[PDB]
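Trainee: I am attaching a structure below and will ask some questions about it afterwards.
Residue numbers (PDB author numbering), protein chains in the order written: chain A, 1 to 49; chain G, 295 to 343.
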């Protein structure tokens, strides 16, 4: 079974969801960010000193 | 055992080709025992006998 939602982006605040599967006891899940590392694509031009 | 003071409560159901409905009954007995259950109407089929 799968579940979808939207979560606000913040490093510390966790996110608690409660999935429902009819004919079954509900289960809750807990997901928490640790990082968000944007990485750009770069190339060198020259150096100086 | 004589059966009286019945109360049937529907918990949850959903129409699908498998048994997707569950309901509960409260009851006041005369004495312990076993006797069958049945639905004469055809709107729903009873999984149990």
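No residue lacks a Cβ here, since even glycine has one placed at the ideal position from N, Cα and C.
Does any CB atom of chain G fall closer than 9 Å to the CB of residue 26(A)?
Mentor: Output row for residue 26(A): interface = no.
Trainee: To the nearest angstrom, how far is the alpha carbon of residue 301(G) from that of residue 311(G)?
Mentor: Cα to Cα, the separation comes out at about 27 Å.
Trainee: Taking the alpha carbon of residue 298(G) as the reference point, which residue from 324(G), 334(G), 335(G) has its own alpha carbon closest?
Mentor: If we check each option's Cα against that of residue 298(G), 324(G) comes out closest.
Trainee: Within 9 Å (strictly less), CB to CB, does residue 316(G) reach chain A?
Mentor: Chain A, which has a Cβ nearer than 9 Å to the Cβ of residue 316(G), makes this yes.
Trainee: Using beta-carbon positions only, say whether residue 31(A) and residue 14(A) come within less than 9 Å of one another.
Mentor: Yes, the pair counts as a contact, with Cβ atoms nearer than the cut-off.
Trainee: If we cut at 9 Å on Cβ distances, does residue 306(G) have a partner in chain A?
Mentor: Answer yes: the Cβ-Cβ gap between residue 306(G) and chain A drops below 9 Å somewhere.
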